[PDB]
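Working notes, structure below.
Here, each number is a calculation from the coordinates, and none is a lab measurement.
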Amino acid sequence: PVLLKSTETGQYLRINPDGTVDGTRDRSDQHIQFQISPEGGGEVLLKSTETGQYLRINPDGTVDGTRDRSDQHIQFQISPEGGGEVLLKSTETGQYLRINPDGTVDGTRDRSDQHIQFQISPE
């Protein structure tokens, strides 16, 4: 598995069993492990290894987890930023994943937002 870490806040992305998505700085957290899997040729899915839920950015900017594999809002493009950092962009809505300092997670189209930069790391 990999971890998905907000570089600006040090928070790891977490999909909880209840379907909510938030951030935590707890490395022993049982729900921060992800599998990145191919979707067709150019996209990926971001899947919780412990729960089997895929990360979803909804059109309204909310972010949650779903096991609905037909969902069109679970596909992401990973874009390099330089310095081992990446952006995680939902292809359907053009929104970047953001972890806010308060631990909430949502989407934004603002590419200049500092809170959308991630580091992917093997755990």
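Once the chain from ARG27 to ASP113 is taken as fully extended at 0.36 nm per residue, the excess over their C-alpha distance is 28.5 nm. May I ask for the Kirkwood hydrodynamic radius of the chain, worked out over all distinct Cα pairs and given in angstroms to one decimal? The Cα-based Kirkwood calculation yields 14.0 Å.
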